[PDB]
Amino acid sequence: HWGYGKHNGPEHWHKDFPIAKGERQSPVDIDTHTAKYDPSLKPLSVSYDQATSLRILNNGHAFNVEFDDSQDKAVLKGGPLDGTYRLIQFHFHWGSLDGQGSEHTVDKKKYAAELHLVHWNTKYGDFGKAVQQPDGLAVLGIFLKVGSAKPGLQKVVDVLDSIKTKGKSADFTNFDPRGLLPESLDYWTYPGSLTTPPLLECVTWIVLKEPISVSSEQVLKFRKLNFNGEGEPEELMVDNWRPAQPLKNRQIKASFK
Ligand SMILES: Cc1cc[nH]c(=S)c1
Ligand SMILES: [Zn+2]
């Protein structure tokens, strides 16, 4: 099955998921000089006051912090979006070294990690229906740089020991995702895809310009997770990012001057 190694990583995915070579794949490099400010874009509305976290799961590729998405509790709207998109989960992609890990890049710069807050368009009723639609998902992407600690990330770092291996999960109620946001909601936006198989082309990407700072100890802790299951030889969960893909016939728009 697919993964991030030499033998089953991003260069191989197209054999089981041919859309890997499609017209709207993610991530991409954000060329800041080529992205045009779009004065018709709206501010983003991130409404997380009522977010209900439930569980954190090591799925063998990343860890997912999952939310109750059976009602409009934590939603994203505005920005480039029509309609209301419900938060279902967030996860990260990160590197074995602080110089690499993000999936999007900015003028070819890689950050140490990238947070993806995944939301689905409520007009489609559930997540599995939404991923069959070109406007089914909205993913808010936030870069992590290593510097000062991010206090709102520490409860996630604290629990990773309990979900070290593939298929482990733990209670993760009462987590406020507002503590993972940077100060500014200035963003770039473009149409793309999931960045892991099945690589579906359903995503409006909204990538914040301002990274959050995390400490070197926080990201070290991410790197102690395992891809493998319990009882299997240890494979550190690191470098679970897909490199930038061809932009093709797409424009990246900026919300800011
Ligand atoms: C929905 C989904 C799942 C895994 N990864 C990403 S970027 C998005
Ligand atoms: Zn992701």
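Because the Cβ atoms are built from the backbone with ideal geometry, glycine has one as well, and the counts that use them run over all protein chains shown. What follows is calculated from the coordinates using simple rules that are stated; it is not laboratory data.
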Original post:
For residue 97 and residue 8 in one chain, what is 0.36 nm times their gap in residues minus the Cα-Cα distance, to one decimal in nm?
Top reply: 29.9 nm
Original post:
Given 110/224; 15/73; 109/168, which pairs have Cα atoms separated by over 31 Å?
Top reply: 15/73; 109/168
Original post:
Structure shown: which of 145/253; 166/221; 36/150 lie over 20 Å apart, alpha-carbon to alpha-carbon?
Top reply: 145/253; 36/150
**OP:** Report the local net charge at residue 111: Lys and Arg +1, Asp and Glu -1, summed over other residues whose C-beta lies under 14 Å from its C-beta.
**Re:** -1
Original post:
In nm, to one decimal, how far is the residue 123 label point from the residue 71 one, both placed 7 Å along Cα→Cβ?
Top reply: 2.5 nm
**OP:** Show which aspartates and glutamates lie in cross-link reach of residue 155 when reach means a straight Cα distance below 15 angstrom and same-chain residues fewer than eight apart are skipped.
**Re:** 66, 171, 176, 217
Original post:
Per Stokes-Einstein, at 10 °C and 1.306 mPa s, what whole-number D in µm² s⁻¹ belongs to segment 1-157, with the Kirkwood radius over Cα pairs as the hydrodynamic radius?
Top reply: 91 µm²/s
Subject >> P(r) weight above 18 Å for segment 50-131, C-alpha pairs, percent >> reply: 52 percent
**OP:** Two decimals is fine: what's Rg over Rh for segment 112-190, C-alpha atoms, Kirkwood radius as Rh?
**Re:** 1.01
**OP:** Just round it to a whole percent: the fraction of Cα-Cα distances in segment 140-228 exceeding 23 Å.
**Re:** 39 percent
